[PDB]
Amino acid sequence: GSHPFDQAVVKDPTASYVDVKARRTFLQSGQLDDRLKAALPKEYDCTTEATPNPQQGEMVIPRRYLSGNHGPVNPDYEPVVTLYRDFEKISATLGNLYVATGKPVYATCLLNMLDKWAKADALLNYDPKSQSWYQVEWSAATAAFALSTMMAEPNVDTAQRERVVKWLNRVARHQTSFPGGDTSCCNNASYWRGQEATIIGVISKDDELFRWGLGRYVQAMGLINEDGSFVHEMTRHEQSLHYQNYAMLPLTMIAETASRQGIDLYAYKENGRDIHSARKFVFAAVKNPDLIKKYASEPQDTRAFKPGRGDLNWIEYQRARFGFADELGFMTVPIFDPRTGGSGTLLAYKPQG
């Protein structure tokens, strides 16, 4: 071991997960099509927006149902998940607006919200065997993606940015220190922790964290079947196909992030298998779910595979890079997913001639 990228270093903490300047210029100068126009975010006065306050003390996510897995929803639940949901949506939106407009005001709005969370030591005190552990990986990554686009902005409170960066670094070091179970060590959850470590590693210039994130991608490549299916996701019965796709989201972000540090994770393979195999399996299995039957007998839940679903955000990044065809015809309306950097359409999509 330990893995091939365990000497990699963060070359540029400001490089983010897209070329921010080049994309901004393109958006202002290029021939936009209707789809891309539909993705431009709307400006607003973020300075007066009420943003969620963090949970004080122990981070606890309430059980969803009063009793069992049917019953009526726990009234304590929604207000709590709404905190995190709004946190993620506002973060991604402000990040996307900063990329699209270049206006420092959006950076300052984001920093004010994140500083409020950092001051409370949010996303740090929780039971690792609880739902909180997953929530942290999603929220920390969402904020880090958005902040990463603004690391080079001179016109902000630089002390505040530092303080927020260091807090995110502590959050990720702590969150990733728990090795996980027999599944969550190694399945899609591992990859989500990998995207968190990778992007936070970059913005805080923490090579250890960065390397750890890259290692999750390498781990993933070793768990791909000959047909492109991920070993652990094919054990999810009626959700197997759904989780095959779900795993593509953070693996893609790891690869996009690493590429701006000069590392080409897309080219990384084990036993001649790579992420491209996984992509082909998803497309193939969607248009022929008999492929899945080799692994699971249940009819597959396909709610993820509809136009506009955030679950499809990874396709925008990969397609922009490799130019393969939209074989499923999914890429009609824009896609927005805060947990994978906001709108892949806004950030990566290039209209075809």
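Sequential numbering from 1, following the sequence displayed.
Judged by mean Cα B factor in the deposited record, 173-181 ranks above the other of 159-167 and 173-181. Stretch comparison (342-350 versus 1-9) by mean CA B-factor in the PDB entry places 1-9 on top. Out of 80, 189, 197, 143, the entry records its largest CA B-factor for 80.
In the deposited coordinates, the residue among 311, 316, 43, 326 with the greatest CA B-factor is 326.
Remark: residue 213 belongs to the lowest third of its chain, ranked by C-alpha B-factor as recorded. Sort the modelled residues of the chain by CA B factor and residue 73 lands in the highest third. For residue 322, the recorded CA B-factor ranks within the middle third of the chain. Only modelled residues enter the ranking.
Ranked by C-alpha B-factor against the other modelled residues of its chain, residue 249 falls in the lowest third. When the modelled residues of the chain are ordered by their C-alpha B factor, residue 256 lands in the lowest third.
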